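Just so it is clear, none of the values below were taken in a lab; they were calculated from the coordinates. Cβ sites come from the backbone with ideal geometry, for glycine too, and all protein chains shown count toward neighbours.
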Amino acid sequence: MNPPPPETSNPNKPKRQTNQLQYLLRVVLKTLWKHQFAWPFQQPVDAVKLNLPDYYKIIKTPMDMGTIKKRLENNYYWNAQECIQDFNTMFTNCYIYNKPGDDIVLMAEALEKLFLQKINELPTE
Ligand SMILES: CCn1c(=O)cc(SCC(=O)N2CC[NH+](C3CCCCC3)CC2)c2ccccc21
Ligand code: NA
Ligand code: NA
């Protein structure tokens, strides 16, 4: 069974639109989204479809780029660091559940190195 996906809206969470958060959506996420290795990360892990029954036994804080994309579009974040943390959680989950050398890890590594190149310089507020 899959758990409920992470929330993409929360009316009592404080929000704001910063230049950096707009950059994370327009530049950083759109670039990673078009990558050849992006498809496994574009939606929450379906433990039933992918035949990964132990996934949510191991991963207690799931995250994916589809959730991040909706969070950015719905103005869910307070600052860019909250969004960067969601990216880091998505990558760390992949390295926790899988092992070095796996195809999915090679994909995550390629996206993480691209992610670091794009956020090395953010716009100023
Ligand atoms: C980034 C999320 N994610 C994964 O972490 C792993 C995978 S594939 C992991 C995989 O193929 N495994 C990992 C689990 N493994 C066994 C599954 C049965 C329990 C014992 C472990 C079977 C082979 C993945 C695939 C599609 C989309 C997302 C995926
Ligand atoms: Na691991
Ligand atoms: Na940049």
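Structure summary
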| read-out | value |
| --- | --- |
| Count of region 8-55 residues which are of a type outside the set (S, T, N, Q), in contact (Cβ under 8 Å) with a residue 60 or more places away in the chain and either surrounded by fewer than 11 Cβ atoms within 10 Å (Cβ to Cβ) or assigned to a loop (DSSP other than H, G, I, E, B) (or both) | 7 |
| Residue tally, condition closer than 21 Å to residue 27 by Cβ, free of Cβ contacts under 8 Å to residues at least 40 places away in the same chain, crowded, with 16+ Cβ neighbours inside 10 Å and in contact with a helix residue (DSSP H, G or I) (Cβ under 9 Å, 6 or more places away or on another chain), over region 68-119 | 5 |
| Qualifying positions in region 78-99 - hydrophobic (A, V, I, L, M, F, W, C) and in a helix (DSSP H, G or I) | 80, 83, 84, 87, 90, 91, 94, 96 |
| Residue match in region 79-86 (condition: more than 15 Å from ligand 3 (Cβ to nearest atom), acidic (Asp, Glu) and closer than 26 Å to residue 9 by Cα) | yes |
| Given (1) surrounded by fewer than 14 Cβ atoms within 10 Å (Cβ to Cβ); (2) under 21 Å from residue 114 (Cα atoms); (3) not aliphatic (A, V, I, L, M), number of the condition residue 4 does not satisfy | (2) |
| Test set (1) in a helix (DSSP H, G or I); (2) surrounded by 15 or more Cβ atoms within 10 Å (Cβ to Cβ) - residue 122 fails condition number | (1) |
| Positions within region 60-77 being over 9 Å from the mean Cα position of the chain (by Cα) and in a helix (DSSP H, G or I), in sequence order | 70, 71, 72, 73 |
